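Undergrad: Give me a model of this one.
(one chain, ligands or ions: 1)
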Amino acid sequence: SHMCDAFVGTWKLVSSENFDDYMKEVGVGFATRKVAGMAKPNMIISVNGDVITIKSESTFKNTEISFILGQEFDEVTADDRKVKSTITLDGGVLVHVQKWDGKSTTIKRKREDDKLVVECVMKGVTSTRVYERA
Ligand SMILES: O=C(O)c1cccc(OCc2ccccc2)c1OCc1ccccc1
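TA: Residues are numbered from 1 along each chain as shown. See the structure here:
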């Protein structure tokens, strides 16, 4: 259906801004922040029918989610939170909400020029992570 075509591919992190403060807001402890902040993940996005798969491969952790838009699922995040996630498309932006322990964070993924831009928000704190084609 050509849903999410422009996201599909293999992407490499090239910049991160304010990720330490985002992780602090999420509740990540010191050692995980330091090590996770160093990581330069490879994000691999694929689509098969209605199922979107996003993998993240790095020195810190290899993670993978598969999902159908609008349909809640279980995700264990790289920092080991057990969250309930729902991902939708809003005007061409993938919007991913994670719920756990009465908390919530929202991750947006957008195509901007030749980049895939990831915006991570926890209360008033945003981090921006920019990926390029690998
Ligand atoms: O860049 C991504 O694709 C990404 C998208 C949404 C949330 C993420 O981190 C959540 C998070 C919250 C709290 C702690 C770590 C990660 C992400 O980094 C994963 C990551 C980061 C570092 C190392 C490996 C993988």
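
Undergrad: Partner strands of the helix or strand residue 110 falls within and their direction?
TA: Under the criterion DSSP states H and E, the helix or strand holding residue 110 is strand 103-112. The strands that strand 103-112 pairs with in its sheet are strand 93-100 (antiparallel), strand 115-122 (antiparallel) (by DSSP bridges).

Undergrad: Distance check, residue 113 against the ligand.
TA: Taking Cβ to the nearest ligand atom, to the nearest Å as the criterion, residue 113 is separated from the ligand by 18 Å. To be clear about C-beta, it is placed using only N, CA and C from the backbone, and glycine gets the same treatment.

Undergrad: whoops, residue 85 was the one
TA: According to Cβ to the nearest ligand atom, residue 85 stands 10 Å off from the ligand.

Undergrad: isn't that residue right up against residue 100?
TA: No: in this structure, residue 85 is not within contact of residue 100 by Cβ atoms under 8 Å, at 9.4 Å.

Undergrad: which residues sit in contact with residue 66?
TA: Under the criterion of Cβ atoms under 8 Å, 6 or more residues apart in numbering, the contact partners of residue 66 comprise 51-54.

Undergrad: Just the buried ones out of those, please.
TA: Among the contacts of residue 66, the ones that count as buried by 16 or more other Cβ atoms under 10 Å are 52, 54.

Undergrad: Centre of the chain to stretch 41-60, how far?
TA: The chain centre lies 10 Å from the centre of stretch 41-60; the measure is Cα atoms, centre = their mean, to the nearest Å.

Undergrad: Can you give me the end-to-end span of it?
TA: Counting by Cα to Cα, to the nearest Å, the length from the leading to the trailing residue of stretch 41-60 is 9 Å.

Undergrad: Contacts for that stretch, please.
TA: For stretch 41-60, using Cβ under 8 Å, 6+ apart, the contacting residues are 1, 3-5, 7-13, 35-36, 38-40, 62-69, 78, 87, 116, 131, 134.
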